[PDB]
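Chemist: Here you go, this is work07.txt (compact mmCIF, N, CA, C and O atoms).
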```
# COMPACT_ATOMS: atom_id res chain seq x y z
N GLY H 147 14.49 37.57 7.07
CA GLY H 147 13.92 37.94 5.78
C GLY H 147 14.97 38.39 4.79
O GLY H 147 14.92 38.04 3.60
N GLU H 148 15.95 39.17 5.25
CA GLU H 148 17.02 39.63 4.38
C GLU H 148 17.89 38.46 3.92
O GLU H 148 18.31 38.41 2.76
N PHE H 149 18.17 37.51 4.81
CA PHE H 149 19.06 36.41 4.47
C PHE H 149 18.32 35.19 3.94
O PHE H 149 18.94 34.14 3.78
N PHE H 150 17.01 35.30 3.70
CA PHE H 150 16.27 34.17 3.15
C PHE H 150 16.80 33.75 1.78
O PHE H 150 16.93 32.55 1.51
N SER H 151 17.10 34.71 0.91
CA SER H 151 17.63 34.37 -0.41
C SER H 151 18.99 33.70 -0.30
O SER H 151 19.27 32.71 -1.00
N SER H 152 19.86 34.22 0.57
CA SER H 152 21.17 33.61 0.77
C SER H 152 21.04 32.21 1.36
O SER H 152 21.80 31.31 1.00
N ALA H 153 20.08 32.01 2.27
CA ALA H 153 19.85 30.69 2.83
C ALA H 153 19.35 29.71 1.78
O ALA H 153 19.74 28.54 1.77
N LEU H 154 18.47 30.18 0.88
CA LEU H 154 18.01 29.33 -0.21
C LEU H 154 19.17 28.94 -1.13
O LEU H 154 19.29 27.78 -1.53
N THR H 155 20.03 29.91 -1.45
CA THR H 155 21.19 29.61 -2.28
C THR H 155 22.13 28.62 -1.59
O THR H 155 22.65 27.70 -2.23
N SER H 156 22.35 28.80 -0.28
CA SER H 156 23.24 27.91 0.45
C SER H 156 22.65 26.51 0.55
O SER H 156 23.38 25.51 0.50
N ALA H 157 21.33 26.41 0.72
CA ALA H 157 20.68 25.10 0.75
C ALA H 157 20.77 24.42 -0.60
O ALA H 157 20.97 23.20 -0.68
N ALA H 158 20.61 25.18 -1.69
CA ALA H 158 20.75 24.61 -3.02
C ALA H 158 22.17 24.12 -3.26
O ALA H 158 22.37 23.04 -3.83
N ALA H 159 23.17 24.90 -2.84
CA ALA H 159 24.55 24.52 -3.10
C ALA H 159 25.00 23.35 -2.23
O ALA H 159 25.62 22.40 -2.72
N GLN H 160 24.69 23.40 -0.93
CA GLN H 160 25.17 22.37 -0.01
C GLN H 160 24.44 21.05 -0.21
O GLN H 160 25.06 19.98 -0.25
N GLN H 161 23.11 21.10 -0.34
CA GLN H 161 22.32 19.89 -0.51
C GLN H 161 22.22 19.50 -1.98
O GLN H 161 23.11 19.80 -2.77
N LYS H 193 12.16 16.38 4.45
CA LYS H 193 12.80 15.59 5.49
C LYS H 193 14.01 16.32 6.08
O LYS H 193 14.94 15.70 6.57
N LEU H 194 13.97 17.65 6.01
CA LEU H 194 15.04 18.50 6.53
C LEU H 194 14.51 19.33 7.68
O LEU H 194 13.44 19.95 7.57
N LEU U 14 14.83 23.47 -1.27
CA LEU U 14 16.01 22.76 -1.74
C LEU U 14 15.64 21.41 -2.35
O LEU U 14 14.47 21.02 -2.35
N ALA U 15 16.64 20.71 -2.89
CA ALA U 15 16.40 19.40 -3.48
C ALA U 15 15.91 18.41 -2.44
O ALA U 15 14.99 17.62 -2.69
N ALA U 16 16.52 18.43 -1.25
CA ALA U 16 16.11 17.52 -0.18
C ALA U 16 14.67 17.79 0.25
O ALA U 16 13.87 16.86 0.41
N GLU U 17 14.32 19.07 0.43
CA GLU U 17 12.97 19.41 0.85
C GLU U 17 11.94 19.01 -0.20
O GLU U 17 10.86 18.50 0.13
N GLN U 18 12.26 19.24 -1.47
CA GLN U 18 11.29 18.99 -2.54
C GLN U 18 11.12 17.50 -2.81
O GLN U 18 10.00 17.02 -2.99
N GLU U 19 12.23 16.75 -2.85
CA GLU U 19 12.17 15.36 -3.30
C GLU U 19 11.37 14.48 -2.35
O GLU U 19 10.61 13.61 -2.79
N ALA U 20 11.54 14.68 -1.04
CA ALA U 20 10.92 13.78 -0.07
C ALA U 20 9.40 13.86 -0.11
O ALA U 20 8.71 12.88 0.20
N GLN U 21 8.86 15.03 -0.48
CA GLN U 21 7.41 15.23 -0.42
C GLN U 21 6.67 14.33 -1.40
O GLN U 21 5.62 13.77 -1.07
N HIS U 22 7.20 14.18 -2.62
CA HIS U 22 6.47 13.48 -3.67
C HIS U 22 6.23 12.01 -3.32
O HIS U 22 5.10 11.52 -3.38
N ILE U 23 7.29 11.29 -2.94
CA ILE U 23 7.16 9.87 -2.64
C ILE U 23 6.31 9.67 -1.39
O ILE U 23 5.48 8.75 -1.32
N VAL U 24 6.48 10.53 -0.39
CA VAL U 24 5.68 10.43 0.83
C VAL U 24 4.20 10.64 0.51
O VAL U 24 3.33 9.93 1.03
N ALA U 25 3.90 11.63 -0.33
CA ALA U 25 2.51 11.88 -0.71
C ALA U 25 1.94 10.71 -1.49
O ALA U 25 0.78 10.32 -1.29
N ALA U 26 2.73 10.13 -2.39
CA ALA U 26 2.21 9.05 -3.24
C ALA U 26 2.15 7.72 -2.50
O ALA U 26 1.51 6.78 -2.98
N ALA U 27 2.82 7.61 -1.35
CA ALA U 27 2.84 6.34 -0.62
C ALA U 27 1.45 5.91 -0.18
O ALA U 27 1.08 4.74 -0.33
N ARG U 28 0.66 6.83 0.37
CA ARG U 28 -0.67 6.47 0.85
C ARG U 28 -1.57 6.03 -0.31
O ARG U 28 -2.30 5.04 -0.19
N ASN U 29 -1.52 6.76 -1.43
CA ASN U 29 -2.31 6.38 -2.59
C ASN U 29 -1.89 5.03 -3.13
O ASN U 29 -2.73 4.20 -3.50
N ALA U 30 -0.58 4.77 -3.18
CA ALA U 30 -0.09 3.48 -3.65
C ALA U 30 -0.55 2.35 -2.74
O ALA U 30 -0.97 1.29 -3.21
N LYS U 31 -0.49 2.57 -1.42
CA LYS U 31 -0.94 1.54 -0.48
C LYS U 31 -2.42 1.26 -0.65
O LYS U 31 -2.85 0.10 -0.67
N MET U 32 -3.23 2.32 -0.77
CA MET U 32 -4.67 2.14 -0.93
C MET U 32 -4.99 1.40 -2.23
O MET U 32 -5.81 0.47 -2.24
N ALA U 33 -4.34 1.79 -3.33
CA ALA U 33 -4.61 1.17 -4.62
C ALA U 33 -4.18 -0.30 -4.61
O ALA U 33 -4.88 -1.17 -5.13
N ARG U 34 -3.01 -0.58 -4.02
CA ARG U 34 -2.53 -1.96 -3.96
C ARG U 34 -3.43 -2.82 -3.09
O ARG U 34 -3.71 -3.97 -3.42
N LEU U 35 -3.89 -2.28 -1.95
CA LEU U 35 -4.82 -3.02 -1.11
C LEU U 35 -6.12 -3.32 -1.85
O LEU U 35 -6.62 -4.45 -1.81
N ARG U 36 -6.68 -2.32 -2.54
CA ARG U 36 -7.92 -2.53 -3.27
C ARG U 36 -7.74 -3.57 -4.37
O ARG U 36 -8.58 -4.46 -4.54
N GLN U 37 -6.64 -3.48 -5.11
CA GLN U 37 -6.39 -4.45 -6.18
C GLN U 37 -6.21 -5.85 -5.62
O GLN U 37 -6.82 -6.80 -6.13
N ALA U 38 -5.41 -6.00 -4.56
CA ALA U 38 -5.18 -7.31 -3.96
C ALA U 38 -6.49 -7.92 -3.48
O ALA U 38 -6.74 -9.11 -3.70
N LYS U 39 -7.34 -7.12 -2.83
CA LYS U 39 -8.67 -7.59 -2.49
C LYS U 39 -9.45 -7.98 -3.74
O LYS U 39 -10.26 -8.92 -3.72
N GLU U 40 -9.22 -7.27 -4.85
CA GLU U 40 -9.95 -7.57 -6.08
C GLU U 40 -9.63 -8.96 -6.60
O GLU U 40 -10.54 -9.70 -7.00
N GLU U 41 -8.35 -9.35 -6.63
CA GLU U 41 -8.11 -10.72 -7.10
C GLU U 41 -8.31 -11.74 -5.98
O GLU U 41 -8.48 -12.93 -6.24
N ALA U 42 -8.29 -11.29 -4.72
CA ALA U 42 -8.54 -12.22 -3.62
C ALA U 42 -9.99 -12.68 -3.62
O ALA U 42 -10.26 -13.88 -3.45
N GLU U 43 -10.93 -11.75 -3.83
CA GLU U 43 -12.34 -12.12 -3.89
C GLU U 43 -12.61 -13.06 -5.06
O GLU U 43 -13.59 -13.82 -5.04
N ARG U 44 -11.76 -13.01 -6.08
CA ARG U 44 -11.93 -13.89 -7.24
C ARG U 44 -11.78 -15.36 -6.85
O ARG U 44 -12.53 -16.21 -7.34
N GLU U 45 -10.82 -15.67 -5.98
CA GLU U 45 -10.64 -17.05 -5.55
C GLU U 45 -11.84 -17.55 -4.77
O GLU U 45 -12.30 -18.68 -4.97
N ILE U 46 -12.38 -16.72 -3.87
CA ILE U 46 -13.56 -17.11 -3.10
C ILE U 46 -14.75 -17.29 -4.02
O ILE U 46 -15.54 -18.23 -3.87
N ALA U 47 -14.91 -16.39 -5.00
CA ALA U 47 -16.02 -16.51 -5.95
C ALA U 47 -15.88 -17.77 -6.79
O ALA U 47 -16.88 -18.43 -7.09
N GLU U 48 -14.66 -18.12 -7.18
CA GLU U 48 -14.45 -19.34 -7.96
C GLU U 48 -14.74 -20.58 -7.13
O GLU U 48 -15.34 -21.54 -7.64
N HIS U 49 -14.32 -20.59 -5.87
CA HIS U 49 -14.65 -21.71 -4.99
C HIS U 49 -16.16 -21.84 -4.81
O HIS U 49 -16.71 -22.94 -4.85
N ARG U 50 -16.84 -20.70 -4.63
CA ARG U 50 -18.29 -20.72 -4.50
C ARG U 50 -18.95 -21.22 -5.78
O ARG U 50 -19.95 -21.95 -5.73
N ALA U 51 -18.42 -20.82 -6.94
CA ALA U 51 -18.97 -21.29 -8.21
C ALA U 51 -18.78 -22.79 -8.37
O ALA U 51 -19.68 -23.49 -8.86
N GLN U 52 -17.61 -23.31 -7.99
CA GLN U 52 -17.39 -24.75 -8.07
C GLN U 52 -18.32 -25.50 -7.13
O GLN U 52 -18.89 -26.54 -7.50
N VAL U 53 -18.51 -24.98 -5.92
CA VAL U 53 -19.45 -25.60 -4.98
C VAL U 53 -20.87 -25.55 -5.54
O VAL U 53 -21.63 -26.51 -5.41
N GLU U 54 -21.24 -24.43 -6.17
CA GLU U 54 -22.57 -24.30 -6.75
C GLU U 54 -22.77 -25.28 -7.90
O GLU U 54 -23.86 -25.83 -8.07
N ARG U 55 -21.73 -25.49 -8.72
CA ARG U 55 -21.83 -26.46 -9.80
C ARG U 55 -21.97 -27.88 -9.26
O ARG U 55 -22.78 -28.67 -9.76
N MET Q 13 24.00 14.18 -0.16
CA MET Q 13 24.12 14.29 1.29
C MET Q 13 22.75 14.48 1.93
O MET Q 13 22.11 13.51 2.34
N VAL Q 14 22.32 15.74 2.04
CA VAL Q 14 21.00 16.03 2.59
C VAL Q 14 19.91 15.46 1.70
O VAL Q 14 18.92 14.90 2.18
N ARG Q 15 20.08 15.59 0.38
CA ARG Q 15 19.12 14.99 -0.55
C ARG Q 15 19.10 13.47 -0.40
O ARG Q 15 18.05 12.85 -0.56
N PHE Q 16 20.24 12.87 -0.08
CA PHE Q 16 20.27 11.43 0.16
C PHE Q 16 19.43 11.05 1.37
O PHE Q 16 18.68 10.07 1.33
N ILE Q 17 19.52 11.83 2.46
CA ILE Q 17 18.72 11.54 3.65
C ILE Q 17 17.24 11.77 3.37
O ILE Q 17 16.38 11.02 3.85
N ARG Q 18 16.92 12.81 2.61
CA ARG Q 18 15.53 13.06 2.25
C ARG Q 18 14.97 11.93 1.40
O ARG Q 18 13.83 11.49 1.61
N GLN Q 19 15.75 11.44 0.44
CA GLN Q 19 15.32 10.31 -0.37
C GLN Q 19 15.21 9.05 0.47
O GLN Q 19 14.35 8.20 0.22
N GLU Q 20 16.06 8.91 1.49
CA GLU Q 20 15.95 7.77 2.40
C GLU Q 20 14.64 7.83 3.18
O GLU Q 20 13.98 6.80 3.37
N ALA Q 21 14.27 9.02 3.66
CA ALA Q 21 12.99 9.16 4.36
C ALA Q 21 11.81 8.89 3.44
O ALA Q 21 10.84 8.22 3.83
N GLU Q 22 11.87 9.40 2.21
CA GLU Q 22 10.81 9.14 1.24
C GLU Q 22 10.71 7.66 0.91
O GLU Q 22 9.61 7.11 0.78
N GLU Q 23 11.86 6.99 0.79
CA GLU Q 23 11.85 5.55 0.53
C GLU Q 23 11.37 4.77 1.73
O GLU Q 23 10.78 3.70 1.59
N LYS Q 24 11.60 5.29 2.94
CA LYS Q 24 11.03 4.67 4.13
C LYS Q 24 9.51 4.77 4.12
O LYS Q 24 8.81 3.81 4.47
N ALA Q 25 8.98 5.93 3.72
CA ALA Q 25 7.54 6.07 3.58
C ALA Q 25 7.00 5.13 2.51
O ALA Q 25 5.95 4.49 2.70
N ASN Q 26 7.70 5.02 1.39
CA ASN Q 26 7.28 4.11 0.32
C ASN Q 26 7.35 2.65 0.78
O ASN Q 26 6.52 1.83 0.39
N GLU Q 27 8.35 2.32 1.60
CA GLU Q 27 8.47 0.96 2.12
C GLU Q 27 7.36 0.67 3.12
O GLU Q 27 6.87 -0.46 3.20
N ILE Q 28 6.96 1.67 3.90
CA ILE Q 28 5.79 1.52 4.76
C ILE Q 28 4.54 1.27 3.91
O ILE Q 28 3.70 0.44 4.25
N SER Q 29 4.42 2.00 2.80
CA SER Q 29 3.31 1.78 1.88
C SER Q 29 3.33 0.36 1.32
O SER Q 29 2.28 -0.29 1.22
N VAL Q 30 4.51 -0.13 0.94
CA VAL Q 30 4.62 -1.47 0.37
C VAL Q 30 4.33 -2.54 1.42
O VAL Q 30 3.68 -3.55 1.13
N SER Q 31 4.80 -2.33 2.65
CA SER Q 31 4.49 -3.26 3.73
C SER Q 31 3.00 -3.27 4.03
O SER Q 31 2.42 -4.33 4.30
N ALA Q 32 2.36 -2.10 3.98
CA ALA Q 32 0.91 -2.04 4.14
C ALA Q 32 0.21 -2.78 3.01
O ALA Q 32 -0.78 -3.48 3.24
N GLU Q 33 0.72 -2.65 1.78
CA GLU Q 33 0.14 -3.37 0.66
C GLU Q 33 0.27 -4.88 0.84
O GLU Q 33 -0.68 -5.63 0.57
N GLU Q 34 1.43 -5.34 1.28
CA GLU Q 34 1.63 -6.77 1.49
C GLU Q 34 0.76 -7.30 2.63
O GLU Q 34 0.18 -8.38 2.53
N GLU Q 35 0.68 -6.54 3.72
CA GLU Q 35 -0.19 -6.93 4.83
C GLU Q 35 -1.65 -6.95 4.40
O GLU Q 35 -2.41 -7.82 4.82
N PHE Q 36 -2.05 -6.00 3.55
CA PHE Q 36 -3.41 -5.97 3.05
C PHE Q 36 -3.68 -7.14 2.11
O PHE Q 36 -4.78 -7.68 2.09
N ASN Q 37 -2.67 -7.54 1.33
CA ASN Q 37 -2.83 -8.73 0.49
C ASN Q 37 -2.99 -9.99 1.33
O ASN Q 37 -3.84 -10.84 1.04
N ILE Q 38 -2.19 -10.12 2.39
CA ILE Q 38 -2.31 -11.26 3.29
C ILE Q 38 -3.67 -11.24 3.98
O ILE Q 38 -4.33 -12.28 4.13
N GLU Q 39 -4.11 -10.06 4.41
CA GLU Q 39 -5.41 -9.92 5.05
C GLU Q 39 -6.54 -10.25 4.08
O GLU Q 39 -7.55 -10.84 4.48
N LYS Q 40 -6.40 -9.85 2.82
CA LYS Q 40 -7.40 -10.19 1.82
C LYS Q 40 -7.44 -11.69 1.57
O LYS Q 40 -8.52 -12.26 1.40
N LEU Q 41 -6.28 -12.34 1.55
CA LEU Q 41 -6.25 -13.79 1.42
C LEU Q 41 -6.95 -14.46 2.60
O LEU Q 41 -7.73 -15.39 2.42
N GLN Q 42 -6.68 -13.97 3.82
CA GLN Q 42 -7.35 -14.53 4.99
C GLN Q 42 -8.85 -14.26 4.95
O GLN Q 42 -9.66 -15.13 5.32
N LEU Q 43 -9.25 -13.07 4.52
CA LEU Q 43 -10.66 -12.72 4.45
C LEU Q 43 -11.39 -13.55 3.41
O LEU Q 43 -12.55 -13.94 3.62
N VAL Q 44 -10.75 -13.85 2.28
CA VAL Q 44 -11.43 -14.67 1.28
C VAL Q 44 -11.36 -16.14 1.66
O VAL Q 44 -12.21 -16.92 1.25
N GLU Q 45 -10.38 -16.54 2.48
CA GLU Q 45 -10.45 -17.86 3.09
C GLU Q 45 -11.64 -17.96 4.03
O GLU Q 45 -12.35 -18.97 4.05
N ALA Q 46 -11.88 -16.91 4.82
CA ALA Q 46 -13.06 -16.87 5.67
C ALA Q 46 -14.34 -16.83 4.84
O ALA Q 46 -15.36 -17.40 5.23
N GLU Q 47 -14.30 -16.13 3.70
CA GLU Q 47 -15.45 -16.11 2.80
C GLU Q 47 -15.72 -17.49 2.23
O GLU Q 47 -16.87 -17.90 2.12
N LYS Q 48 -14.67 -18.21 1.85
CA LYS Q 48 -14.83 -19.59 1.40
C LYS Q 48 -15.36 -20.46 2.53
O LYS Q 48 -16.17 -21.36 2.30
N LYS Q 49 -14.91 -20.21 3.76
CA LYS Q 49 -15.39 -20.99 4.90
C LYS Q 49 -16.88 -20.75 5.14
O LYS Q 49 -17.64 -21.70 5.33
N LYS Q 50 -17.31 -19.49 5.13
CA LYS Q 50 -18.72 -19.20 5.35
C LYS Q 50 -19.56 -19.65 4.16
O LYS Q 50 -20.71 -20.09 4.34
N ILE Q 51 -19.02 -19.57 2.95
CA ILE Q 51 -19.73 -20.06 1.78
C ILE Q 51 -19.89 -21.57 1.85
O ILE Q 51 -20.95 -22.11 1.52
N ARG Q 52 -18.84 -22.28 2.28
CA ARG Q 52 -18.93 -23.73 2.44
C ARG Q 52 -19.91 -24.09 3.54
O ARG Q 52 -20.68 -25.04 3.40
N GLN Q 53 -19.90 -23.35 4.65
CA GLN Q 53 -20.85 -23.61 5.73
C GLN Q 53 -22.28 -23.38 5.27
O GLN Q 53 -23.17 -24.20 5.53
N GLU Q 54 -22.53 -22.26 4.59
CA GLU Q 54 -23.88 -21.96 4.12
C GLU Q 54 -24.31 -22.93 3.04
O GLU Q 54 -25.48 -23.31 2.96
N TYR Q 55 -23.38 -23.36 2.18
CA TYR Q 55 -23.71 -24.32 1.14
C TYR Q 55 -23.99 -25.70 1.73
O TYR Q 55 -24.87 -26.42 1.26
N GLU Q 56 -23.24 -26.09 2.76
CA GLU Q 56 -23.52 -27.34 3.45
C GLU Q 56 -24.87 -27.27 4.16
O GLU Q 56 -25.62 -28.24 4.16
N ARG Q 57 -25.18 -26.12 4.77
CA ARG Q 57 -26.49 -25.95 5.39
C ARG Q 57 -27.60 -26.00 4.36
O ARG Q 57 -28.65 -26.60 4.60
N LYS Q 58 -27.38 -25.38 3.20
CA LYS Q 58 -28.38 -25.40 2.14
C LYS Q 58 -28.55 -26.80 1.56
O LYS Q 58 -29.66 -27.21 1.23
```
What would the structure in this file look like if it were written as structure tokens?

Modeler:
Amino acid sequence: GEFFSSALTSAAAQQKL
Amino acid sequence: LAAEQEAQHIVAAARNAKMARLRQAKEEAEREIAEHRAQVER
Amino acid sequence: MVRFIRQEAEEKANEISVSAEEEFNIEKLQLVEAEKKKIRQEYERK
């Protein structure tokens, strides 16, 4: 839950998944 | 993400497109049979 | 990259839709050929 925002940011930056 | 969002739209619209295209194709297909029947009736 | 693979999967779904449309068009042609056949048979009987 804490890292959900960071994961969303990382998915937006890096990038049926 | 972009990958997660983009794939959903085309996948969702695929079934509707297939159904609409099938219905339309049947629509002009029945026209040929109706025309043949009309020629036979004449 | 990942968006490319997602678009590839979406295009695969769309291609399945298009193949279904083409198969349905062929099936409609066969069905109306059968309709012409039954119409010709019934008209010959009449």

Chemist: Mind running chain H against chain Q at 8 Å and telling me each contacting residue's nearest atom pair with the distance in Å (one decimal), counting all atoms listed in the file, chain and number ascending, as JSON lines?

Modeler:
```
{"residue": "H:157", "atom": "O", "partner": "Q:15", "partner_atom": "N", "distance": 7.7}
{"residue": "H:160", "atom": "O", "partner": "Q:14", "partner_atom": "N", "distance": 5.5}
{"residue": "H:161", "atom": "CA", "partner": "Q:14", "partner_atom": "N", "distance": 4.9}
{"residue": "H:193", "atom": "CA", "partner": "Q:18", "partner_atom": "CA", "distance": 4.9}
{"residue": "H:194", "atom": "N", "partner": "Q:18", "partner_atom": "CA", "distance": 6.1}
```

Chemist: Please produce, as a tab-separated table, a per-residue contact table for chain U versus chain H (criterion: any atom at most 8 Å away, all atoms listed in the file considered), showing the nearest atom pair and its distance in Å to one decimal, sorted by chain then residue number.

Modeler:
```
residue	atom	partner	partner_atom	distance
U:14	CA	H:157	O	5.1
U:15	N	H:157	O	5.5
U:16	O	H:193	N	4.4
U:17	CA	H:193	N	4.8
U:18	N	H:193	N	6.6
U:19	C	H:193	N	7.1
U:20	CA	H:193	N	5.4
U:21	N	H:193	N	6.1
```

Chemist: Just give me the gap between atom O of residue Q:29 and atom O of residue U:27 in Å, one decimal is fine.

Modeler: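 Calculated distance between atom O of residue Q:29 and atom O of residue U:27 is 5.4 Å.
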
Chemist: Kindly provide, as an mmCIF file with N, CA, C and O atoms, in the coordinates of the input, the residues of chain U having any atom no farther than 6 Å from an atom of chain Q, counting only N, CA, C and O atoms.

Modeler:
```
data_model
loop_
_atom_site.group_PDB
_atom_site.id
_atom_site.type_symbol
_atom_site.label_atom_id
_atom_site.label_comp_id
_atom_site.auth_asym_id
_atom_site.auth_seq_id
_atom_site.Cartn_x
_atom_site.Cartn_y
_atom_site.Cartn_z
ATOM 1 N N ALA U 15 16.640 20.710 -2.890
ATOM 2 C CA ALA U 15 16.400 19.400 -3.480
ATOM 3 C C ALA U 15 15.910 18.410 -2.440
ATOM 4 O O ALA U 15 14.990 17.620 -2.690
ATOM 5 N N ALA U 16 16.520 18.430 -1.250
ATOM 6 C CA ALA U 16 16.110 17.520 -0.180
ATOM 7 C C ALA U 16 14.670 17.790 0.250
ATOM 8 O O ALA U 16 13.870 16.860 0.410
ATOM 9 N N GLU U 19 12.230 16.750 -2.850
ATOM 10 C CA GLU U 19 12.170 15.360 -3.300
ATOM 11 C C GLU U 19 11.370 14.480 -2.350
ATOM 12 O O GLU U 19 10.610 13.610 -2.790
ATOM 13 N N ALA U 20 11.540 14.680 -1.040
ATOM 14 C CA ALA U 20 10.920 13.780 -0.070
ATOM 15 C C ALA U 20 9.400 13.860 -0.110
ATOM 16 O O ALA U 20 8.710 12.880 0.200
ATOM 17 N N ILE U 23 7.290 11.290 -2.940
ATOM 18 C CA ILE U 23 7.160 9.870 -2.640
ATOM 19 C C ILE U 23 6.310 9.670 -1.390
ATOM 20 O O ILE U 23 5.480 8.750 -1.320
ATOM 21 N N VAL U 24 6.480 10.530 -0.390
ATOM 22 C CA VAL U 24 5.680 10.430 0.830
ATOM 23 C C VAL U 24 4.200 10.640 0.510
ATOM 24 O O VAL U 24 3.330 9.930 1.030
ATOM 25 N N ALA U 27 2.820 7.610 -1.350
ATOM 26 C CA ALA U 27 2.840 6.340 -0.620
ATOM 27 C C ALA U 27 1.450 5.910 -0.180
ATOM 28 O O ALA U 27 1.080 4.740 -0.330
ATOM 29 N N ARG U 28 0.660 6.830 0.370
ATOM 30 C CA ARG U 28 -0.670 6.470 0.850
ATOM 31 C C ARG U 28 -1.570 6.030 -0.310
ATOM 32 O O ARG U 28 -2.300 5.040 -0.190
ATOM 33 N N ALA U 30 -0.580 4.770 -3.180
ATOM 34 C CA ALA U 30 -0.090 3.480 -3.650
ATOM 35 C C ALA U 30 -0.550 2.350 -2.740
ATOM 36 O O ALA U 30 -0.970 1.290 -3.210
ATOM 37 N N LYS U 31 -0.490 2.570 -1.420
ATOM 38 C CA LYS U 31 -0.940 1.540 -0.480
ATOM 39 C C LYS U 31 -2.420 1.260 -0.650
ATOM 40 O O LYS U 31 -2.850 0.100 -0.670
ATOM 41 N N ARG U 34 -3.010 -0.580 -4.020
ATOM 42 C CA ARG U 34 -2.530 -1.960 -3.960
ATOM 43 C C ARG U 34 -3.430 -2.820 -3.090
ATOM 44 O O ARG U 34 -3.710 -3.970 -3.420
ATOM 45 N N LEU U 35 -3.890 -2.280 -1.950
ATOM 46 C CA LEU U 35 -4.820 -3.020 -1.110
ATOM 47 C C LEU U 35 -6.120 -3.320 -1.850
ATOM 48 O O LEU U 35 -6.620 -4.450 -1.810
ATOM 49 N N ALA U 38 -5.410 -6.000 -4.560
ATOM 50 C CA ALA U 38 -5.180 -7.310 -3.960
ATOM 51 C C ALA U 38 -6.490 -7.920 -3.480
ATOM 52 O O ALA U 38 -6.740 -9.110 -3.700
ATOM 53 N N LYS U 39 -7.340 -7.120 -2.830
ATOM 54 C CA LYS U 39 -8.670 -7.590 -2.490
ATOM 55 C C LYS U 39 -9.450 -7.980 -3.740
ATOM 56 O O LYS U 39 -10.260 -8.920 -3.720
ATOM 57 N N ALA U 42 -8.290 -11.290 -4.720
ATOM 58 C CA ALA U 42 -8.540 -12.220 -3.620
ATOM 59 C C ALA U 42 -9.990 -12.680 -3.620
ATOM 60 O O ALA U 42 -10.260 -13.880 -3.450
ATOM 61 N N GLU U 43 -10.930 -11.750 -3.830
ATOM 62 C CA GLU U 43 -12.340 -12.120 -3.890
ATOM 63 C C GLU U 43 -12.610 -13.060 -5.060
ATOM 64 O O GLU U 43 -13.590 -13.820 -5.040
ATOM 65 N N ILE U 46 -12.380 -16.720 -3.870
ATOM 66 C CA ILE U 46 -13.560 -17.110 -3.100
ATOM 67 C C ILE U 46 -14.750 -17.290 -4.020
ATOM 68 O O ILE U 46 -15.540 -18.230 -3.870
#
```

Chemist: Please measure the separation of atom CA of residue U:33 and atom CA of residue U:48, giving the value in Å to one decimal.

Modeler: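 Rounded to one decimal, the two atoms are 23.0 Å apart.
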
Chemist: What is the atom C of residue U:41 to atom O of residue U:29 distance in Å?

Modeler: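 So the two atoms, atom C of residue U:41 and atom O of residue U:29, lie 17.1 Å apart.
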
Chemist: If you run DSSP on this backbone, which residues of chain H come out as helix (DSSP H, G or I), and could you give them as a PyMOL selection string?

Modeler: chain H and resi 150-160

Chemist: Can you write stretch 37-46 of chain U from the block above with N, CA, C and O atoms, as a PDB file, in the first residue's frame?

Modeler:
```pdb
ATOM      1  N   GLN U  37     -24.116  -7.268 -40.279  1.00  0.00           N
ATOM      2  CA  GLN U  37     -24.133  -6.554 -41.549  1.00  0.00           C
ATOM      3  C   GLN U  37     -23.909  -7.504 -42.719  1.00  0.00           C
ATOM      4  O   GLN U  37     -24.647  -7.455 -43.711  1.00  0.00           O
ATOM      5  N   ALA U  38     -22.909  -8.386 -42.611  1.00  0.00           N
ATOM      6  CA  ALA U  38     -22.622  -9.329 -43.683  1.00  0.00           C
ATOM      7  C   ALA U  38     -23.825 -10.212 -43.968  1.00  0.00           C
ATOM      8  O   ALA U  38     -24.167 -10.445 -45.131  1.00  0.00           O
ATOM      9  N   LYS U  39     -24.487 -10.704 -42.916  1.00  0.00           N
ATOM     10  CA  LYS U  39     -25.743 -11.420 -43.116  1.00  0.00           C
ATOM     11  C   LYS U  39     -26.779 -10.530 -43.790  1.00  0.00           C
ATOM     12  O   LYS U  39     -27.600 -11.009 -44.582  1.00  0.00           O
ATOM     13  N   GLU U  40     -26.751  -9.227 -43.495  1.00  0.00           N
ATOM     14  CA  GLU U  40     -27.732  -8.317 -44.078  1.00  0.00           C
ATOM     15  C   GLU U  40     -27.589  -8.232 -45.595  1.00  0.00           C
ATOM     16  O   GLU U  40     -28.590  -8.276 -46.320  1.00  0.00           O
ATOM     17  N   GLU U  41     -26.358  -8.105 -46.108  1.00  0.00           N
ATOM     18  CA  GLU U  41     -26.273  -8.077 -47.574  1.00  0.00           C
ATOM     19  C   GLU U  41     -26.284  -9.486 -48.156  1.00  0.00           C
ATOM     20  O   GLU U  41     -26.557  -9.664 -49.348  1.00  0.00           O
ATOM     21  N   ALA U  42     -25.986 -10.502 -47.342  1.00  0.00           N
ATOM     22  CA  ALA U  42     -26.045 -11.868 -47.845  1.00  0.00           C
ATOM     23  C   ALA U  42     -27.479 -12.283 -48.130  1.00  0.00           C
ATOM     24  O   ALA U  42     -27.765 -12.889 -49.170  1.00  0.00           O
ATOM     25  N   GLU U  43     -28.398 -11.960 -47.215  1.00  0.00           N
ATOM     26  CA  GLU U  43     -29.806 -12.281 -47.431  1.00  0.00           C
ATOM     27  C   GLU U  43     -30.354 -11.553 -48.651  1.00  0.00           C
ATOM     28  O   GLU U  43     -31.338 -11.995 -49.256  1.00  0.00           O
ATOM     29  N   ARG U  44     -29.729 -10.433 -49.023  1.00  0.00           N
ATOM     30  CA  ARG U  44     -30.175  -9.685 -50.193  1.00  0.00           C
ATOM     31  C   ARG U  44     -30.012 -10.500 -51.470  1.00  0.00           C
ATOM     32  O   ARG U  44     -30.878 -10.466 -52.350  1.00  0.00           O
ATOM     33  N   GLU U  45     -28.904 -11.234 -51.595  1.00  0.00           N
ATOM     34  CA  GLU U  45     -28.697 -12.056 -52.784  1.00  0.00           C
ATOM     35  C   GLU U  45     -29.740 -13.162 -52.880  1.00  0.00           C
ATOM     36  O   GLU U  45     -30.280 -13.427 -53.962  1.00  0.00           O
ATOM     37  N   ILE U  46     -30.038 -13.818 -51.757  1.00  0.00           N
ATOM     38  CA  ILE U  46     -31.051 -14.870 -51.754  1.00  0.00           C
ATOM     39  C   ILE U  46     -32.419 -14.291 -52.086  1.00  0.00           C
ATOM     40  O   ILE U  46     -33.196 -14.888 -52.841  1.00  0.00           O
TER      41      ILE U  46
END
```
